[PDB]
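Close look at the chain arrangement
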Amino acid sequence: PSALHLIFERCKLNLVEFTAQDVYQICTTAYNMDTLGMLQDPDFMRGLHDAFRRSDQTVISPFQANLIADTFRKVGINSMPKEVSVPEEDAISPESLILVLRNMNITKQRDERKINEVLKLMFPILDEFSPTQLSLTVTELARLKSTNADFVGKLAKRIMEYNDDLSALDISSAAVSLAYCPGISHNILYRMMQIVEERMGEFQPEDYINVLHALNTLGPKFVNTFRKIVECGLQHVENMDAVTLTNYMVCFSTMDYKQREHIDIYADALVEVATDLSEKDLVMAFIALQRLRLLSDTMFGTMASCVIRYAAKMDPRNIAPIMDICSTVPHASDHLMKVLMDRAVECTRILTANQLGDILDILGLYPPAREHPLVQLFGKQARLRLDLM
Amino acid sequence: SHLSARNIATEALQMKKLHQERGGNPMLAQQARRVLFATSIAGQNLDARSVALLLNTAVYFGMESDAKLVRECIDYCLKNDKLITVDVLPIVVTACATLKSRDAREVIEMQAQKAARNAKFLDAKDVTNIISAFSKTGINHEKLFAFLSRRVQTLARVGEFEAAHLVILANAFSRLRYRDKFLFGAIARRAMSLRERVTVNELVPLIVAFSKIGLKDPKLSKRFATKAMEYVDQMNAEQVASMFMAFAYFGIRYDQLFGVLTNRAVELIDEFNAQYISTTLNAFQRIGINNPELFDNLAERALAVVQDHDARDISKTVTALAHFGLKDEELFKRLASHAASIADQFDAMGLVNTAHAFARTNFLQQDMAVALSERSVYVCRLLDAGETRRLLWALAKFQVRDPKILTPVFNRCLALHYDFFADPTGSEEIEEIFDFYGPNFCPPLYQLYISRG
Amino acid sequence: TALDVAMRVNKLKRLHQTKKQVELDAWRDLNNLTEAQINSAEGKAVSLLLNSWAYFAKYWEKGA
Amino acid sequence: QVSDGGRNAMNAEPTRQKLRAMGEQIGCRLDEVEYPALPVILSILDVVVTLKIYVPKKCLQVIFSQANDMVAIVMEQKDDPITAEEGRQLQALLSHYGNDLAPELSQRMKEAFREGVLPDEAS
Amino acid sequence: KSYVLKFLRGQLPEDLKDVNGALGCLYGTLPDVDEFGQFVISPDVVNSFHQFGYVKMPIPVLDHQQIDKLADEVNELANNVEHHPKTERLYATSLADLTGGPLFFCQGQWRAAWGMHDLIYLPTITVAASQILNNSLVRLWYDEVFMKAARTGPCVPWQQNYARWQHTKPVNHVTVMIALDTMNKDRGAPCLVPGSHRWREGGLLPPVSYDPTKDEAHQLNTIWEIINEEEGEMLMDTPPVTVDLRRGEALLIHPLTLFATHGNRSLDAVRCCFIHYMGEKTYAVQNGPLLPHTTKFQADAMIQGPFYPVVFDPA
Amino acid sequence: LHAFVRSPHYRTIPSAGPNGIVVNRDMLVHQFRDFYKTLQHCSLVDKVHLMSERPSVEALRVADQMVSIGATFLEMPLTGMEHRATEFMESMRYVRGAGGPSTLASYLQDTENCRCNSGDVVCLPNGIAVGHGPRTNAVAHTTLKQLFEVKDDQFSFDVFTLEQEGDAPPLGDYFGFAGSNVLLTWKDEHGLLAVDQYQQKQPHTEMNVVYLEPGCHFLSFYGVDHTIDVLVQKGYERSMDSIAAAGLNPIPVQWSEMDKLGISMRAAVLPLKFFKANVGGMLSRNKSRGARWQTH
RNA sequence: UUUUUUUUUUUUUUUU
RNA sequence: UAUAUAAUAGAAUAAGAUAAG
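Residues numbered from 1 in each chain as written, not as in the entry; some residues may be left out. Chains lettered and ligands numbered in written order. Part of a larger assembly, values for the part shown. Heavy atoms only, no water.

This entry lists cryo-EM as its structure determination method and reports a resolution of 3.4 Å.

Structure representation (structure tokens):
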């Protein structure tokens, strides 16, 4: 490959004038096909990164820059896309400050001074926003964990004003983003929940998930909306996804639902399809079932069997909850308990102070843990960690 | 070892703790430095806690402000200012204490404003950690210190602090030179209300801090002296020398405590090191007590061990011996020959003190004199007029007569001629200096000197 | 003039998207590139040539 | 700075009285000033009320008229920072002194709180 | 010793020369005293160096990540908006006037940077350098880094290394060049005479006059002006050779070989490191310090001290 | 559960009480220190927050600002406390700094002529009880009925009106709940009347009733979380025996100086419940309750 | 063991 | 008859002497 070798050499020596779009195209073909030794060759990738760092990245989308950075990081080159400045006085438009926020969110590099600057250039021109632009900027501000509640409240009032121009997904996303904001007012939240429950007959499972997350974040002050959604979703309980059933369980635990008639139906529906849950969802379902006092003789066995296939590679932060659930429940969990102790013995090196303390506390009164070899290892590790406890 | 950035910060903090308060094992420091060298947080998202821990552990292990990890952490602290809550504020402040860049100054000032604004909503842990962290940076925000002292007094009126908190608080408030008699009175009252919960290890540092702060009240010193007299038996050489220094700082002539302390010191004469001997001699010089048997014992022990003598230890020892009058023959020779080897470690004022102590005792060795004179060109910039006069007189007694060494000293003298020629003492010293160097060596200083001002 | 041949091989790849004088073509075309054409190529030409090379080597027998 | 159980605790009561008199000396001359922002008005009124200083009805009328003219900017213009707690304190002060002083201000504050124009302190 | 405060017990000394050995950064640590035998260079390489006065090592001496770290440190050294800490710890820097220029050069970097300090103690290059100097002791003298501009990096004229090292008595030196980037004739690869190290029985050609206000042609063509007729006859048969170096490639150079560096006409900067190793029994010539703010030697005193550490000791 | 207390300003403590009883400042600060210690030792409050001193003696009554009804932190009207606006804002700043609610519900500050006073609201199993009297007119009662009263099945939250005479202290002073179905009142006319009224309102529930000495201030942290400790005044020992016989744990507390100053133990603390705002359908960690491995 | 805290302060006359 | 799209979060945790105005 004389021509290919010459092209690679000219790219390595930084003698080719590359545009951002050309670097993006090269990254895409290297990450997709990779028939050539592009990613395996370090010098060519270093030269491409040097060309990309000095290029003009304004002519590419935030997603494209993120993909370029991800491709560079996959091989070892520590790459980070440039930070875009706030638009000048002429380019101050509702569609450009939203772009600034979107790039800040996508590239995972947030500057609070820039957030304040683009929040002070949005108020005078806030009357030029499209109905969907408000629902976009609300979620963008929520995802940046901004503490400005007055701006979000004004945005929510405007979103309420253009109710008829928004789809169900926009309403649900606005509701959940509003619920995530800590300092927002409660009258706005009540109005938004009324709006959601008025347009609640068109919800897709994604909108159900968003509404359930919003309710769980808000707390037991909004029982009526949860009661309405429980009464509505009773028709769909059998034909329902597992994740939204787990979210129903979490909301049931949070609100302290005293109507224990539908709880049985939803719990049975969840335990029927519990086989299709990941680590976090299964752990949350376990906690919600325990806090609702639902662990029976048979469903506990099925959930434990589901946990068995996950207990080998559980995260260190998901071992203590299952141990606590097994401890409180009076049923048989010896096999699961032994597997969890083995996993904890494996993870003793990376366990933090709090997780190690919880693991030791749950196994304080456990008879089989007396002779298990975790005692000496955990004692030595606790002696080492005693400075951080 | 491949780990997540949070899982790396946790082990880094553990390594810092073990290397800090569980023996300074060099292998731990080398392993931590190697681990942190390849650590980067450019892509992964972390809490403020993890970034603060990484920055603190990097700065602790010798990493300056030019590294990639330090730059990324400082950039994070500059951008996301509202995520650095009170819990993770002292960590960032302590990390930025040593750094003296522009970003470090901005971060320190922002954290100072945040702490001064929220000084009324903290607890014992947060207040103690914040004041301890702000002690190390050398900042001079008096309004913040007043707010924190007020909060300390209100929080300690209800018996919240304990021995470790009181020790840390006293050390932090004494290092910052805040002579608030009410604050230290409250700290002392809280200490005395902690009956038998203030052990020796928590009592000696409190006395040291109360001595260093320089409180005018002499009634407080009496209680500390009595409680020390009760606790003498349970002490090593470190705390004996520590209270020698502390009660030298107080400046009150106690008798029974000094006798018992001298008895315990001569008991532990086989455990004294260079720093303890230097501290004891300096304390005796400061207090003025003449104890010739103890001086003989300390001189013999210092003769026994000479390699451990650092520049500070050497300077303090020779100054104390010269001031007292007692002096050995071979001990001085060993100290001078050793200081010749480590002449590149003396500070701006330690060098002057050592040179003047050797000159005043009429002990002149060519190697030591040459080493100190050649070294006395990087330190003339940081010298006061009195120290410059002392160094010039030491050089005159050493008979250097080297222009490359003399012209910076004379430049410093000319740049500080008012404080040089108007010293209440030292007139005979300057007269001898000018008698040695003559009028033609430096005209302008001669013209000023024949004008008396 | 590497951009013209790069675009020609791009068109050949497009035609191959939906073998004689197809895979045999764009092999002589890519090896046609002289030293001067390679040394006087912009970023777009290099990117197009690399894309074509990757696709051809994917569907060529043994070489690359 | 006066203590009810100190060295001169018996003499503490006259001192307060003296201070109160001096407060009234500023209290009667409270119409000539021009308040730039609400916090100044709130601080002056809080100091007067806490120490139980006497203020003439004319001074209260002028003060509340200026306060009404000041708050008649943030809510109807809405282009531009009066927090909700400051508005609540102003409403409490007006209610304590009587709503006949500034009848417009009471309704304006009530409609402002119903509307929600005033932001929160957390924001 | 004295008492170190608790938050300062992990700090490194101001002068990095105070560290007795090498830090754990870059490579792990120096191997055992009997584990240094795996870095020996081939005898053919030694013969090639003794015949040509230069040779490039068979393999790169640093992995890629170490190269990125070294390049980052070189970048941080040349900072201008925020000057590097420990700047006054260098023998000389191009930013002493705070302005800069197309070419950035830094000397004595090993006292003011991690990694660069560890680069001195690399077994791969130190063992080879010791083998060059008749298998004897090696002492670091000093090191420097060059970083050329993006598109106007100047070309160093023809030069002999020993022309400035007149304080050292014998001709006992070696130079190691590490290329932190990929170099070429248009980017900064070194061009040197294949046989100039054995001219005039070891003598030195006179200093070369160059005009710093013109192009590279005259800079590279001054060699004819500085040589005599017979040297021209030798040069004609074997013209000067430009060696292209990749990342991590190391080049051993004799102190008496005539070498120059081409300018930078690429689209970005290029960085190179030079490290000068002496051998044992190398003596001074005149009184006073060889380098600014260093130990003062006698007339014929042997060169040693903390400023010139021992980096490899056979037997 | 976080308890908020305010340190007493030593210099401005009044020489004599409201009736004329003399007080001791040093004894007052000593008793406040002991109260803070015995509140820290409660083993149920997660953290005790101490507020800075304010140049007023009535600012010690930190409970005259808020009532926790159900899951709402209702704010009492500013009708007779126009000098405590800044104190209330400072207390709210303290609450914000501790992770509590951003602000309070203003359901009572807007209702016309709604004159209400805290302490008249006493919690009870699935409901509250309010005391009609001089400091709480009928408009507050009807607003509370509108906001909180629910008469549905499996969701009932009923509020009861307890009429009281014109010379009675706040209902929370002499009427309270403790432990698992335990009731505490003073043995005087007010206590018997309140007990009888609540018996009439809730006839089908049988409750343990404990009588205490009149003038004996107590404090029980009743709520969803089961607790047994009941802080009680040190001077009275009959009440301690009565509480202990009921199966509860009594804790003596020295409270003489506050009694001479008219401040009760109930009005000196502001218990609040803060729940972490879970994000993404997650559940936080609770406290270790129950005995692990009952069947081994 | 009883001393103290809560502003938008903006008015310094040099030839550096 | 055209060369190209990219978003899911979890952890509550305190070390301690600078030769001063």
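**Some details on the protein's contact with RNA strand G**
What surrounds RNA strand G is a group of 13 residues, the closest being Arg150, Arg157, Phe182 and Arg189 of chain B together with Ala37 of chain D. A distance of 3.1 Å is found between a base oxygen of RNA strand G and a side-chain nitrogen or oxygen belonging to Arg150 of chain B. In this structure, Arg11 of chain F approaches RNA strand G through a side-chain N or O atom, which is 3.4 Å from a phosphate oxygen. Considering every element that reaches the surface near RNA strand G, the biggest residue donor is helix α8 (residues 142–156) of chain B, with three residues. (Near = heavy atom within 4 Å. Polar contact = N/O pair within 3.5 Å; in protein donor to acceptor, adjacent residues only side chain to side chain. Helix = DSSP H or I, 4+ residues; strand = E, 2+ residues; numbered from the N terminus.)

**Brief notes about helix α2 (residues 38–50) of chain D**
Over its 13 residues, α2 of chain D runs 18 Å from end to end, which matches the ideal 18 Å to within 8%, given 1.5 Å per residue. Taken residue by residue, α2 of chain D has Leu38, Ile41, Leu42, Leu45, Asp46, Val48 and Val49 of chain D as its buried positions. Buried residues of α2 of chain D, viewed axially, fall in a sector of 165°; they line one side. Tucked into the core, α2 of chain D has its buried residues touching α3 (57–74) and α4 (84–97) of chain D together with α2 (85–97) of chain F. In the stretch just after α2 of chain D, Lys52 of chain D is the one whose phi turns positive, near 60°. (Expected span 1.5 Å × (residues − 1). Buried < 20%, exposed > 50% of the residue type's maximum accessible area, 1.4 Å probe, protein only. Arc of directions from axis to C-beta. Contact = heavy atoms within 4.5 Å.)

**Concerning the packing of aromatic side chains**
When we look at a pair of aromatic rings, we describe it by the centre distance and by the angle of the planes. On inspection of all chains with the given rule, the structure shows 60 aromatic pairs over all chains. Between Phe8 of chain A and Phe44 of chain A the ring centres are 4.8 Å apart and the planes differ by 15°, which places this aromatic pair in the stacked class. Within this pair, whereas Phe8 of chain A is found in helix α1 (residues 2–12), its partner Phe44 of chain A is found in helix α3 (residues 42–53), the two being separated by 36 residues in sequence. Note on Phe8 of chain A: relative accessible area 8%, which makes it buried. Arranged with centres 6.5 Å apart and planes meeting at 75°, the rings of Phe272 of chain B and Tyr276 of chain B form a pair that is edge-to-face. Of the two residues, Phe272 of chain B and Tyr276 of chain B, both sit in the buried class. Cluster of aromatic residues (ring-pair linked, three or more members): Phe226, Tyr248, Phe252, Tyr257 and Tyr266 of chain A together with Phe155 of chain F. Directly above the ring of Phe7 of chain E sits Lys136 of chain B, whose terminal nitrogen or CZ lies 5.5 Å from the centroid. The cationic tip of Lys17 of chain E hangs over the ring face of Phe307 of chain E; the distance from NZ or CZ to the ring centre is 4.7 Å. (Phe/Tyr/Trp six-rings, centres within 6.5 Å; stacked < 30°, edge-to-face > 60°. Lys NZ or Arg CZ within 6 Å of the ring centre and 35° of its normal.)

**As for the arrangement of the chains**
Once contacts are tallied for each of the eight pairs of chains in contact, the highest total is for chains B and E. Kept free of each other, chain C and chain D leave a smallest C-alpha distance of 49 Å between them. At their nearest point, the C-alpha atoms of chain C and chain E are still 13 Å apart, with no contact between the two.

**Some remarks on the protein's contact with RNA strand H**
Close to RNA strand H lie 52 residues, the nearest being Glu140 and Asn318 of chain A together with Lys17, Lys212 and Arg312 of chain B. When the atoms of RNA strand H within 4 Å of the protein are grouped by moiety, sugar and phosphate amount to 48% of the total. With respect to RNA strand H, the side chain of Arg175 of chain B contributes an N or O atom lying 2.9 Å from a base oxygen. Within the side chain of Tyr249 of chain B, an N or O atom sits 2.8 Å from a phosphate oxygen of RNA strand H. No other element matches the five residues that helix α9 (residues 163–175) of chain B contributes to the surface near RNA strand H. Grouping the amino acids of the surface near RNA strand H by side-chain chemistry returns 15 nonpolar, 15 polar and 22 charged. (Nonpolar A, V, L, I, M, F, W, Y, C, P; charged D, E, K, R; others polar.)

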